[PDB]
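Q: Below you'll find the sequence and an experimental structure to go with it.
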Amino acid sequence: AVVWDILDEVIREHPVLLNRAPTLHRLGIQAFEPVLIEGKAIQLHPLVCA
Amino acid sequence: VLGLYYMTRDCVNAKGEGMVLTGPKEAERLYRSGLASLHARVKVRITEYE
Amino acid sequence: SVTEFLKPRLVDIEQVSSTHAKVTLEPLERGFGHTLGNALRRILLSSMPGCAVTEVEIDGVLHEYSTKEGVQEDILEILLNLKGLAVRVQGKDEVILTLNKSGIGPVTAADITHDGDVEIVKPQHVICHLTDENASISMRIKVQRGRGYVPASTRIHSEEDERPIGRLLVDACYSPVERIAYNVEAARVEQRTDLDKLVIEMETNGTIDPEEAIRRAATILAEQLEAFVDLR
Amino acid sequence: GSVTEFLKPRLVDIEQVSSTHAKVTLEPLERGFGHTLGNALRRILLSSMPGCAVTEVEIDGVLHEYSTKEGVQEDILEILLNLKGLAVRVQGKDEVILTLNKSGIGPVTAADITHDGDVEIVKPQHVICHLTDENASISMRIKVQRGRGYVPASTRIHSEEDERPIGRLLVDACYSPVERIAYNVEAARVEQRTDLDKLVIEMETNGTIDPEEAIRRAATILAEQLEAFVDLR
Amino acid sequence: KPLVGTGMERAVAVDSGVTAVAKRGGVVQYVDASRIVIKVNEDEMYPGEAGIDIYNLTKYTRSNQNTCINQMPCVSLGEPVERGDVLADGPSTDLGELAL
Amino acid sequence: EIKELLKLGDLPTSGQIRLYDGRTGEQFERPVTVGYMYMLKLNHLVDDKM
């Protein structure tokens, strides 16, 4: 579990890029600051999903 | 959008129509306490800025 | 043991002001945050005992829209100001106060007839503006101790239709809370990620600090429950 | 007057229509108190109630749940599903072992389970399997324990029991004995006093838990949680 | 079963190969988790035949898309069975009706 | 015929019922359509794609 603590420490300010094929226009790739959830689905904010 | 539309639509007759609220906080209270429905038309004291 | 439950820590309080404050709890079991927040909001809104101003009488007034010269604001505006009057009485549950003034400018609660049993918390509050000299305002207002909230259409009755010319009615916002909100979020401990973390945002008039109000609400609910808990 | 005071509720009446179906009444309650109390009670009752459940099964001659036995009508998976439905009360132990032996053609029912004097099978009519040959026989051991909520078998094995044997099987444990809760509120008549309410709660549960103990336990938990609020600085 | 069906479920479930259908009428003599033994009635059996038919169910096997394939009996000892009856359900079948 | 079947079933004729929100214990002002539906799982499980 110390690995989980380290993992929570590392990403605290580490943006990641989300991409949806096809990337029709440049909005198709965007940057987000992650939050860690159990499960296996990536969770988006609906507004940007539009 | 559906929620906002419902929230702002008024009706001719509703619970507590015509009363006067000294501030939007009291409007929120009267709604949450269930003594007036959202659609009821009322006079309210409001501050705005420019 | 099955009886185990993760009691929360009073993880923080953040006072934006004497009236405005936030209180946060972490962690709580799944679904406990919602029930506790909902129950507290209910009790604060509908059952908190308070002292409020309910009637006003003015000699030249028969109805809420009775015209009056000299005063800057309308009668309904002064009614709203009275509704906003922050007042607490420690003595009798029913008190009558009088205000009489002739002066250009604001009519603050500082000019009410003071009494040792009653504290106006915010004397700086303005009831109205009186536009001119040789113009006077004279009123009597009635303050009462009650529980919850009562609007005008609720208090009016045919059993109390025997009213004189000079009687007006004000909504008695006894419960001193001005706003209660709570929101629920996720928190993690012991590699568990199925937990409730709770945030409460609160505004109340200057009668009491919000912490005191929350403690009072908790005590009320516990005293309600007490007849059931056979445990120590 | 007495605006600062309150009346207090009590369990003025309790009624039982069946081993599973029960009705409880609280009186008197002040205005608005009824709904908040009913909502809190429903929440806590659904979530928290301690329960007794079936966790481990061991059957001779069976190595895994997907196999099949000679004489049983249903597959092993079906009989595990049947056992998951079992409801049982245990008093003296935090975990207990149950034993079953049957032979000969016919249904096998919880009545055939061999039990200790501290174990109550609520509904022996609950079938488990059918034996369809005279020489067919079934002989099994069951492990029963007490816990809150619901725990999947995945996290159960994630508890990392050292040296897991081969011939023992794991199922999900739905400990919670409460199945449905409803509350209703109506105008009271106590001493002809106004603004009083009578609250009623109806519940369907496994015949395990006592309704009165259930409500007292729920109120206990709620008061305990509120105590942390009482302390706040 | 699906509550709001279309009647077609019977034909599709029987016509597919997954379900075991009663090729010869009679009375079900024996059943277990995997074997079905049926006594053919006196009139239906041919001269010189043993008058008994047996079926073996595909208990568990890899489907062509990794799903399970299982056959479960849905009759009990001594129940009469009729020509074209469904003795054993297959995947997503209950009492011979499609059960997706 | 649907209405007749419902009427014999003692359910509301419109098929809408009143409903209470469990999370607060209050009542939705609008009636809601509650019924029974037939649902499938589509063999695109998340753990096969993550």
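A: That came through, no problem. Numbers count the residues shown, from 1 in each chain, chains lettered A, B, ... in the order given.
Q: Would you mind measuring from residue C:64 to residue A:26?
A: 60 Å (C-beta to C-beta, to the nearest Å). (Each C-beta comes from the backbone N, C-alpha and C, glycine too.)
Q: Give me the domain ranges for chain C.
A: Listed domain ranges for chain C are C:2-49+C:175-232, C:50-174 (source: CATH domains of a matching chain).
Q: Endpoints of the shortest one, how far apart?
A: The one in question is domain C:2-49+C:175-232. 17 Å (C-alpha to C-alpha, to the nearest Å).
Q: touching chain A at all, that domain?
A: Yes: Domain C:2-49+C:175-232 is in contact with chain A by C-beta under 8 Å from any C-beta of the partner chain, via C:186, C:191, C:193-194.
Q: Show the secondary-structure elements that the helix or strand where residue F:7 lies is packed against.
A: Element membership for residue F:7 (DSSP states H and E) is helix F:2-9. Helix F:2-9 makes packing contacts with no helix or strand when contacts are defined by 3 or more C-beta pairs under 8 Å, 6 or more residues apart in numbering or on different chains; DSSP states H and E.
Q: Tell me the strands beside the next helix or strand after that helix, with direction?
A: Sequence order places strand F:16-17 as the next helix or strand after helix F:2-9, per DSSP H and E. With DSSP bridges as the test, strand F:16-17 is paired with strand F:32-33 (antiparallel).
Q: So what touches the partner strand?
A: The contact list for strand F:32-33 (C-beta atoms under 8 Å, 6 or more residues apart in numbering or on different chains) reads F:15-19.
Q: tally of neighbours for residue C:210?
A: 26 (other C-beta atoms under 10 Å in any protein chain shown).
Q: Residue C:216 is in contact with that one, correct?
A: No: checked against C-beta atoms under 8 Å, the pair residue C:210 and residue C:216 is beyond contact range at 10.4 Å.
Q: neighbours around residue A:31, how many?
A: 8.
Q: Let me see the contact set for the nearest residue to it once chain neighbours are set aside.
A: Leaving aside its chain neighbours, residue A:31 sits nearest to residue A:15 (4.7 Å; criterion: C-beta to C-beta, 6 or more residues apart in numbering or on different chains). Counting by C-beta under 8 Å, 6+ apart, residue A:15 makes contact with A:31-34.
Q: any idea how far residue A:15 is from chain E?
A: Using C-beta to the nearest C-beta, to the nearest Å, one gets 38 Å for the distance from residue A:15 to chain E.
Q: Now do the closest residue to chain A within chain C against chain F, distance only.
A: Closest residue of chain C to chain A, C-beta to the nearest C-beta: residue C:193 (4.7 Å). Separation of residue C:193 from chain F (C-beta to the nearest C-beta) stands at 17 Å.
Q: higher neighbour count, residue C:64 and residue A:26?
A: Counted by other C-beta under 10 Å, residue C:64 and residue A:26 do not tie: residue C:64 has more neighbours, with 14 against 7.
Q: Let me see the contact set for the more buried one.
A: C:75-76, C:79, C:168.
Q: Same question for residue C:177.
A: C:44-45, C:48, C:202-204, C:210, C:213.
Q: now swap in residue B:30 and tell me
A: B:16, B:19, B:21, B:36, C:149, C:151.
Q: Take those and write them to CSV, including secondary structure and distance to chain F.
A: Shown next, in CSV, are the contacts of residue B:30 (DSSP: H, G, I helix; E, B strand; the rest coil; distance: C-beta to the nearest C-beta, whole Å):
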residue, secondary structure, distance to chain F
B:16, coil, 14
B:19, coil, 19
B:21, strand, 20
B:36, coil, 12
C:149, coil, 17
C:151, coil, 19
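Q: can you tell me which of the contacts of residue C:177 are in helices?
A: Among those, the members found in helices (DSSP state H) are C:44-45, C:210, C:213.
Q: so what's the residue positioned nearest the centre of chain C closest to, chain neighbours aside?
A: The residue lying closest to the centre of chain C (C-alpha atoms, centre = their mean) is residue C:176, at 2.2 Å. Leaving out its chain neighbours, the residue that sits closest to residue C:176 by C-beta to C-beta, 6+ apart is residue C:207, at 4.2 Å.
Q: residue contacts, the one you found?
A: C:50-51, C:86-88, C:121, C:176.
Q: now swap in residue C:21 and tell me
A: Contacts of residue C:21 (C-beta under 8 Å, 6+ apart): C:13-15, C:201-202, C:209-211.
Q: Could you identify which of the domains of chain C is most buried?
A: domain C:2-49+C:175-232 (a mean of 18; mean count of other C-beta atoms under 10 Å in any protein chain shown).
Q: So what's the gap between that domain and the chain middle?
A: Taking the mean of its C-alpha atoms, domain C:2-49+C:175-232 sits 18 Å from the chain's own mean (C-alpha atoms, centre = their mean, to the nearest Å).
Q: Just say helix, strand or coil for the residue sitting nearest the centre point of chain A.
A: Chain A has residue A:34 as the residue nearest its centroid, 4.5 Å off, counting by C-alpha atoms, centre = their mean. Here residue A:34 is recorded as coil under DSSP: H, G, I helix; E, B strand; the rest coil.
Q: got a markdown table for the residues of domain C:2-49+C:175-232 next to chain A, with distance to chain D too?
A: As requested, these are arranged in a markdown table below (distance: C-beta to the nearest C-beta, whole Å):
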| residue | distance to chain D |
| --- | --- |
| C:186 | 17 |
| C:191 | 11 |
| C:193 | 12 |
| C:194 | 10 |
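Q: one step back: who are the neighbours in contact with the residue nearest to the centre of chain C?
A: C:48, C:50, C:204-205, C:207-208, C:213.
Q: got it, and residue A:31?
A: A:15-18.
Q: That one in helix, strand or coil?
A: strand.
Q: Distance of it relative to residue A:48?
A: Relative to residue A:48, and taking C-beta to C-beta, residue A:31 is found at 11 Å.
Q: Over to residue C:195?
A: 27 Å.
Q: Kindly report the residues of chain A close to chain F.
A: A:40-41.
Q: Mind jotting down where the strands sit in chain A?
A: A:16-19, A:29-32 (DSSP state E).
Q: So which of those is the most surrounded?
A: strand A:29-32 (a mean of 12).
Q: just how off-centre is that strand within its chain?
A: The mean C-alpha position of strand A:29-32 is separated from the chain mean by 8 Å, C-alpha atoms, centre = their mean.
Q: Pull that strand out as CSV, backbone CA atoms only.
A: Below are the C-alpha coordinates for strand A:29-32, written out as CSV (Å, rounded to 0.1, in the frame of the first residue of the first chain):
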residue,chain,number,x,y,z
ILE,A,29,-7.5,16.4,-27.6
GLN,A,30,-7.6,18.0,-24.1
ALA,A,31,-5.7,18.1,-20.9
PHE,A,32,-7.0,17.2,-17.4
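Q: so what strands line up beside that strand?
A: strand A:16-19 (antiparallel).
Q: residues in chain E within reach of chain D, list them.
A: E:30-34, E:59-60, E:70, E:72-73, E:76-77.
Q: ok, residue C:106 touching residue C:126?
A: Yes: counting by C-beta under 8 Å, residue C:106 touches residue C:126, with 4.5 Å between them.
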